[PDB]
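**Student:** need a structure here:
(chains A and B, ligands or ions: 2)
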Amino acid sequence: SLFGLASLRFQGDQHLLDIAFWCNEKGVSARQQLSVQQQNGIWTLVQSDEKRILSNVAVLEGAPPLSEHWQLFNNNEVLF
Amino acid sequence: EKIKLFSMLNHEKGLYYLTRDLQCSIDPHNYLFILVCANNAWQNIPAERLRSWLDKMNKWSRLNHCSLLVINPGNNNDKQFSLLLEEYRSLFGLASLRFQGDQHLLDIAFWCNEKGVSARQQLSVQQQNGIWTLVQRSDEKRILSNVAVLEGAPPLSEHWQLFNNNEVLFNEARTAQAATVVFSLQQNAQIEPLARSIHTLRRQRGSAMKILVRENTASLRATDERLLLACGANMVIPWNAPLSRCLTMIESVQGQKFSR
Ligand SMILES: Nc1nc2c(ncn2[C@@H]2O[C@@H]3COP(=O)(O)O[C@H]4[C@@H](O)[C@H](n5cnc6c(=O)[nH]c(N)nc65)O[C@@H]4COP(=O)(O)O[C@H]3[C@H]2O)c(=O)[nH]1
Ligand SMILES: Nc1nc2c(ncn2[C@@H]2O[C@@H]3COP(=O)(O)O[C@H]4[C@@H](O)[C@H](n5cnc6c(=O)[nH]c(N)nc65)O[C@@H]4COP(=O)(O)O[C@H]3[C@H]2O)c(=O)[nH]1
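**Tutor:** Numbers count the residues shown, from 1 in each chain, chains lettered A, B, ... in the order given. Ligands and ions are numbered 1, 2, ... in the order given. Please see the structure below:
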């Protein structure tokens, strides 16, 4: 008899939002815990490249990237 | 101590009349249904009629306080699975079991009972002496391929494993569950036993595993490609396309299940 159950508990500086279950046309979620803050009356949710390969799309003769570390560029200006 | 055994005709009318027949036969209050259908029995049921039947079954279950379980052996129920997901209101639990050679994977899209609600759980259950016991996704990123596929190229990523021939590759894929398996074709003599290996890889391992065959030499026909597709291979990469085309074809089947 419920398409979603949520509770918001005050915890001093931020509120904790606990959704036991939730139904939506995009799916159903269960047992979600999140933190929200009331900033000026607004509830807002709280918040190396050695292997990454950057090459032109013409490097692979137009073929898509080899792997996740491969990123393509149409011309050698966006790549630059 | 005792249960009631019921037989119905392999037809849509039997499923449609199930409610009235059981009402004429059994008082459904505090009573459980287990509907074990035949192989691909739910393939001929249209979408709208299936939705109406599910709604009627749910209303009847609520009115009679009776629980219904349906076990459907099928291989191409992905659209049916999506339809079941769309009717999550009437439903209160959807589970799928995928055979993976040595173990079985139980995926519960959702489940609601008196002790709470769980959504999108994945567990491993095995069949020991005919008993289903839980074993207390994981290798989906991992890619298994033949050395000749890369034409000498090193592993493209950490998730890449290379094998000399398509024999130890099948042995490793026997242990893998969701890894991407890529074969290499060199001559005509490899068409049949690789086809057999693919058949095994599709029977022991379910639709989660990705099976691909790279053609390195022009030694293929349309009939052989159709046979490879029927054995369980997602698609066969033509020899004309360069290696990066093969790699992007591999990337295409990521997140896809072999429903054929
Ligand atoms: N250009 C051309 N010639 C054709 C074709 N089909 C047959 N032939 C000729 O007929 C011979 C006998 O082929 P088969 O009886 O089909 O029996 C063939 C076939 O079963 C197989 N085979 C040969 N090449 C291929 C191939 O590229 N793919 C596949 N899947 N099987 C092949 O090996 C057998 C021996 O074939 P070959 O030694 O090539 O010798 C071939 C070839 O000279 C065709 O589509 N194109
Ligand atoms: N019934 C019949 N159909 C024929 C014959 N020759 C060619 N075809 C048809 O032509 C298609 C493509 O022409 P292809 O140059 O033979 O294209 C062939 C050819 O280059 C090669 N190939 C296949 N089998 C053989 C073979 O036995 N020998 C040789 N030398 N090449 C073959 O593989 C390609 C793929 O062939 P498919 O996918 O089967 O598709 C073949 C096949 O359906 C023939 O003698 N009988």
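**Student:** mind checking how far residue A:67 is from residue B:247?
**Tutor:** Taking Cβ to Cβ, to the nearest Å as the measure, residue A:67 and residue B:247 are separated by 7 Å. For the C-beta atoms, the positions are set from N, CA and C on the backbone; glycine is no exception.
**Student:** need the residues touching each of these two.
**Tutor:** Taking Cβ atoms under 8 Å, 6 or more residues apart in numbering or on different chains as the contact rule, residue A:67 and residue B:247 both touch residue B:156.
**Student:** who's more crowded, the two?
**Tutor:** residue B:247 (26 against 18; other Cβ atoms under 10 Å in any protein chain shown).
**Student:** for the more buried one, helix, strand, or coil?
**Tutor:** helix (DSSP: H, G, I helix; E, B strand; the rest coil).
**Student:** just list whatever residues bridge to the closest residue to residue A:4 other than its chain neighbours.
**Tutor:** Nearest in space to residue A:4, with sequence neighbours left out and distances taken as Cβ to Cβ, 6 or more residues apart in numbering or on different chains, is residue A:22 at 4.0 Å. Beta-bridge partners of residue A:22, counted by DSSP bridges, are residue A:4, residue A:29.
**Student:** closest residue of chain A to ligand 1?
**Tutor:** Using Cβ to the nearest ligand atom, the single residue of chain A nearest to ligand 1 is residue A:63, 24.9 Å away.
**Student:** give me the nearest residue to that residue, chain neighbours excluded.
**Tutor:** residue B:244 is the one closest to residue A:63 (Cβ to Cβ, 6+ apart), at 3.5 Å.
**Student:** isn't that neighbour up against residue A:58?
**Tutor:** No - contact criterion Cβ atoms under 8 Å: residue B:244 and residue A:58 do not qualify, at 11.8 Å.
**Student:** ok so, going back, is it true that the residue nearest to residue A:4 touches residue A:6?
**Tutor:** Yes - shown here, residue A:22 and residue A:6 form a contact pair, counting by Cβ under 8 Å, at 7.2 Å.
**Student:** starting at the chain centroid, how far to stretch A:31-50?
**Tutor:** Relative to the chain's own centre, stretch A:31-50 is displaced by 12 Å; criterion: Cα atoms, centre = their mean, to the nearest Å.
**Student:** mind checking the end-to-end distance for it?
**Tutor:** Its first and final residues considered, stretch A:31-50 spans 38 Å by Cα to Cα, to the nearest Å.
**Student:** check stretch A:35-50 too.
**Tutor:** With Cα to Cα as the measure, stretch A:35-50 spans 35 Å from end to end.
**Student:** name the surrounding residues that touch it.
**Tutor:** Residues from elsewhere that reach stretch A:35-50 (Cβ under 8 Å, 6+ apart): A:8, A:13, A:14, A:15, A:16, A:17, A:34.
**Student:** residues contacting residue A:29?
**Tutor:** In this structure, residue A:29 makes contact with A:19, A:21, A:22, B:119, judged by Cβ under 8 Å, 6+ apart.
**Student:** if you set the cut-off to 7 Å instead, what comes out?
**Tutor:** Listed by Cβ atoms under 7 Å, 6 or more residues apart in numbering or on different chains, the contact partners of residue A:29 are A:19, A:22, B:119.
**Student:** what about the residue positioned nearest the centre of chain A, distance to ligand 2?
**Tutor:** Centroid check for chain A by Cα atoms, centre = their mean gives residue A:47 as the closest residue, at 10.4 Å. Here residue A:47 is placed at a distance of 56 Å from ligand 2 (Cβ to the nearest ligand atom, to the nearest Å).
**Student:** if anything else comes up later, I'll come back, but that's it for now.
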